[PDB]
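Values in this text are rule-based calculations from the coordinates and carry no lab data. Cβ atoms come from the backbone with ideal geometry, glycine included; neighbour counts cover every protein chain shown.
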Amino acid sequence: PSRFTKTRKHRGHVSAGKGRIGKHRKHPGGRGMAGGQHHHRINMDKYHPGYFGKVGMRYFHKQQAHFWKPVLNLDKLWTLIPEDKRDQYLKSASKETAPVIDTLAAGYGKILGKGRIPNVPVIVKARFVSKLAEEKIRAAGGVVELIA
Amino acid sequence: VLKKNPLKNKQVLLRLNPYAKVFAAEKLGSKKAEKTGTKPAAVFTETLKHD
Amino acid sequence: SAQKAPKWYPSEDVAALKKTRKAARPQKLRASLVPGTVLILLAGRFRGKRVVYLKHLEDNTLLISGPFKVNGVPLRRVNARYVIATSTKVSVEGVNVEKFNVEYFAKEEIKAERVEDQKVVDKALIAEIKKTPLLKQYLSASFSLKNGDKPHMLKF
Amino acid sequence: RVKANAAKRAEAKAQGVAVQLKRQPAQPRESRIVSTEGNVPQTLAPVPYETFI
Amino acid sequence: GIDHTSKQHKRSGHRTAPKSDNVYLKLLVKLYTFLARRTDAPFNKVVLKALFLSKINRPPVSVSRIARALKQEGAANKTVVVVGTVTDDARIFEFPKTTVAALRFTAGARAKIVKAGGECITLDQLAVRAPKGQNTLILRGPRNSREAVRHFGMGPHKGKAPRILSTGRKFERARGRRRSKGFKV
Amino acid sequence: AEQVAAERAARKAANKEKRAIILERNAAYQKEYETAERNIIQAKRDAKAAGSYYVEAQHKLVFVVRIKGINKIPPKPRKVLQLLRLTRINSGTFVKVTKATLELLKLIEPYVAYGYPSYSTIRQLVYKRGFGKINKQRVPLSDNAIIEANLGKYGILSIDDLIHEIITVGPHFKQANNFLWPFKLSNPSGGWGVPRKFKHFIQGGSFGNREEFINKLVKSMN
RNA sequence: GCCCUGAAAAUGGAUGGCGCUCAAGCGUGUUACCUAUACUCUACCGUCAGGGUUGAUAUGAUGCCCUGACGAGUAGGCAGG
RNA sequence: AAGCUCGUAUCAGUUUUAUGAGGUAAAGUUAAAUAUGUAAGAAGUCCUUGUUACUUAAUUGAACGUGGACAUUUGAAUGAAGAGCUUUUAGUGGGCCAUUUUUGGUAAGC
RNA sequence: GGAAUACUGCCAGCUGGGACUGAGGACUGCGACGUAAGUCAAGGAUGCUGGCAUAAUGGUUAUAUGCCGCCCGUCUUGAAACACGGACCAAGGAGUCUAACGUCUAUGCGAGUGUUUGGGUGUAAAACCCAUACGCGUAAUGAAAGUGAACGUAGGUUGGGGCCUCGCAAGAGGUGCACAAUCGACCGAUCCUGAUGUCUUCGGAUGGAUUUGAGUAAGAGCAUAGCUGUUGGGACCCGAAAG
RNA sequence: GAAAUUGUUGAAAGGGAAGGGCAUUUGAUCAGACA
């Protein structure tokens, strides 16, 4: 809506908010990022540290498939159970019956350990795990089956 | 709503300063002074009249 | 609609007026006005005449008589503020005056009561008037200012 | 001054307060009576000009 | 003329009233401008100015933070107040009973609170239950956990995480971010 | 309801006591002033009869007035004037005299005219021009409840107690002197004297310390 | 100390002009008086701050009222029309 | 401009007391005037008995603590349209004059 | 030996004349005066009289008179300038749209969020309904191979709105969200140590460190809309010598 | 069928411009109001 803009408050004033000395002109500081080493340097340093230069190895033909490894902390990992069935497992938690959580079914590539699942034994299928992730699972009374 | 000066308008001067009535009725503005006999000693006058 | 409406309208109630603190209090005349004193009328019908003060009316005006036998000025209300008091008096004590009020003078040819009391009063005045020589001629004459006269200097 | 203030107060705690524990600026000097006896005012006057070169 | 030690005609820089056009919002602003005036207890005066807060200044108070404040000693019987929205936290697998009063609950935090035998309230019913504020806890959510505040005050040696489009190698890790290329910071 | 009737002459009795206590308390401040002005007279007489001299106690209070406009002031005095609350030409307040406040005046002397007020001017200013500072709001006094609801913690329960605390320069002078909004005066009634104000009072201008001659200048400004 | 001399530049010519000599000049003193949008008091407009007021049975809760203080402004910014 | 947490309160183009630094004017090594740093309390003081891998010849220090005690003349004057905090962006980046000092220049509306 | 005037200053001393203002609109308050009833100059003006009902007052406009008043816009330290543009009139005429984002605000839901590439449907470019994915977010860190967040009531200390207890209150105590400071614990990278163990050089336990990160430490983001700002585009409008 | 601009009539004005502000007199006009 142009009825709300401020150049519809600037009608009648000569210079339209751009000042009478410096005026307003086409490109005072060059087009785009020009002068980034030279007259804009003080700007690039402070607010773009690290802009110039090269860090490490190139990678030819990179594909984000190989690198797909979503992560699911032990924070959640009980969300993957149906909330209607879920409270059946929390109460009456024993072995010989334990929930099989397939974390790849839900799109997760690795089970991390961020913290404190409850004391219920649980069977967790995962591609990858972390050293702390199992220690908390395995001490909860469950195990980690690896899959592919 | 409007400020009524004392020092004129006697009625406002009497809500402030309840002593304004017994001040005037006894005068005390014109109150007389006790009379004294003391004279400056001859050293003080000798200094004042000096060269 | 040619104009929509205001959405709250002012009430046509009228508030009464806050009680005012003011009181009618009797005028204190300036010290130059004493009953039975030659006055000089400064404006109006009779401006210039030299007339004799009589009573101070309830409406704050002053009652004067020429006398009408003399300068032709009847009994008439005059405002104390338009009248120069003079330094010469006549003895007014011979006149009743208790019959008058302001109600008497209300407007509501000349009524025969006002012509009777006009003449009744002069019996007392015209007696006292001729006692000082020329004061019959003086109460009949009109005042004026002359070349060289300075009202801030002159005494009245 | 902190220690002295500690002393005076705890001292004045059996003295019934009236501490006056701040520092106050130099006041205007109170009244007095000089005694001219033995000291007579000595009249002085300005002095004329001189070269003295 | 007068010599001013201050700048003239200078507003206080506060919310005298919300910027929202919400109607039901202004009915609480109307209810707590009344109690703040006549009830002499500061609780009402606190909840009033919390109804004027913008969105960014109203972070949500998760249903887990509500359980801490109840573990807080003596507070297990208090009625927690949140001016803001309560949200669900399932990372807690147990929840107390108590009570909550908030503007908006999420559908998850409504179930969880009702699930335990507790109760969800609005602010209006709190005003009727405790006008003065008897036995209440106000709770604020974390303000500086935002994504933008992470960027506030960028500059050398302040560790403020530059505003940037794409994160990874090859985007502003090189000159000035490490000693080997140029300098560091 | 009891209300109107039973709480009137119950309250109206307490009103009677405030001014019955102001009655006795002002009587004591009038006998206090007069016998002090008398003993200063008797002391100069008893001394001259001993052949000696009597030096007055120095003046413990001044009244400062801002004589100069609001602009082209150097920064250091311009900061002082704002610490005495002199915010405009012709305004002023009472200033206690100690070594602290007395080296301030030496900074601002070109910009002010001050002296030693008598009980006369302290009484006119406060009655005529005296205002209070209540939640800011610069209230006119006009009544004894305005002073008692503010300074009553200190005593000072009438407008006769202000004038006392001001002229005796009592303990509470700071609380009381800051309870008075700065006096807004007018220009002098009969003029300033002299063609030019901004010489020092000793060279024939208006500023500086004019001592007891300030009593006459303020009254034309009041 | 005052005055004169030293002291000569170009269209006609400027203590501002007329004109002024026990001054209407010069040095100094006492007073009276004149008048700015500044000062004091009052009314009104707006701005800011601080408070009062939600009870039907009316018409505004961006409302009504109370109290104070304050008001220059280019480049510039904002709010309301 | 948008506000935010708060509201008796830390402040201040100011003095005073206390205490440093200076090497211009004058003086002929000495040393001003004006400006300048810090302090004037609760983040305080005194006692009492805990911690450590540092320190000690050492139950001795250092740093931080527990328990107890001293509140508004709480530690000088005056003042304070409140104190702090953050985000965000306009214009500007040709200056000129007067005063008190001063270099270049013979001087200058330099 | 007495005085009086003068001068200075004070009175909650007396009285007279002139000019200006009349805000507000039931009562409330504080006083004063009265034995009393009441009255009063005490939280802002009333009473009495008169005239014309008129263009009298008042407006509007031309003239005249007194004082004042330089020509506009622009650049400029400085323009009335012997600086530039403008004879006059009417009509057109200049910070827009968009792609990608920062802050701020409102709204829906909220550990999620986004129906509109598409399909169903329809009164037919609308509206209505919806499966799969996908994008941002919930995990950081190293060039990389790679690894990946609780010693503890998710810790301690100082301060903190608010609430609770006591007390007549003043204030002290209990708890303390957000938030600011500060010391720790946790994950990753770099340098150091190097365990029970082993295909005898793999494995990497443990323990460190004035080191380093855009990290954890009971999630806050996603979508649309708006103001302001930026970048690219003809880019607020008009204008080159050229290629 | 606007404005620049023009002809006619009427009114007023005019000593090297014209035009403007404050103030009131004079001339022309205007309601409102009262009653």
I need the calculated FRET efficiency for the pair A:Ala106 and E:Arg163, taking r as the beta carbon distance and R₀ as 51 Å, to the nearest 0.05.
0.95
Using alpha carbon centers only, the stretch A:39-104 is separated from the stretch F:63-116 by a whole-angstrom value of 71
Which order, highest average first, do F:38-44, F:190-196 follow once you tally other Cβ atoms within 10 Å for each residue and take the mean per peptide?
F:38-44, F:190-196
Tell me, A:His24, A:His66 in order of fewest to most beta-carbon neighbours within 10 Å?
A:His66, A:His24
If you average the sequence gap of Cα pairs under 8 Å that are 6 or more apart and divide by the length of the stretch E:1-118, what percent do you get for the contact order?
18
State which entries of B:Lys3/C:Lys22; E:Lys49/E:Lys132; E:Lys10/F:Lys106; F:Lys72/F:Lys199 exceed 24 angstrom in Cα-Cα distance in the structure shown.
E:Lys10/F:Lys106
Would you mind calculating the gained length between E:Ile2 and E:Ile92 on full extension (0.36 nm times residue separation, minus the Cα-Cα distance), in nm to one decimal?
26.1 nm
Shielding of B:14-25 by other chains, given as the mean Cβ count within 10 Å, works out to 5
Members of B:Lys27/F:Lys184; E:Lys26/E:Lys115; C:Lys55/C:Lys119; B:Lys31/F:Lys216 lying beyond 21 Å, as alpha-carbon distances in this model show
B:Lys27/F:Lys184; E:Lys26/E:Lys115; B:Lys31/F:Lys216
Check cross-link reach from A:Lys85 to the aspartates and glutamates: straight Cα distance under 16 Å, and skip same-chain residues fewer than eight apart.
A:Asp102
Expected 222 nm ellipticity per residue - DSSP helices of 4 or more, -39500 (n - 2.57), all of the protein assembly as shown, to 500:
-8000 deg cm²/dmol
Shape of chain C from its Cα gyration tensor (a ≥ b ≥ c, root eigenvalues): rounded if a/c is under 1.5, otherwise prolate when a/b > b/c, or oblate?
prolate
Restricting to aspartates and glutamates and to Cα separations under 13 Å from F:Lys68, and discarding same-chain partners fewer than 8 apart, the set is E:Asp3, F:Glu109
Here the whole-number average of other chain Cβ atoms within 10 Å per Cβ of A:48-61 is 6
Partner shielding of D:35-43, as the mean number of partner chain Cβ atoms within 10 Å, equals 4
Once you have a ≥ b ≥ c as the square roots of the Cα gyration tensor eigenvalues for chain F, tell me rounded if a/c is under 1.5, and otherwise prolate or oblate according to whether a/b is larger than b/c.
oblate
Show which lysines lie in cross-link reach of A:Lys136 when reach means a straight Cα distance below 19 angstrom and same-chain residues fewer than eight apart are skipped.
A:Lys76, A:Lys95, A:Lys110, A:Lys114, A:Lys125
Folded to 0 to 90 degrees: helix F:8-48 orientation relative to chain F principal axis, Cα
30
What does DSSP give for the protein assembly as shown in terms of the percent of beta bridges that are antiparallel, rounded to the nearest 5?
50
Express in whole angstrom the spacing between the alpha-carbon centres of the stretch D:7-53 and the stretch F:142-157.
37
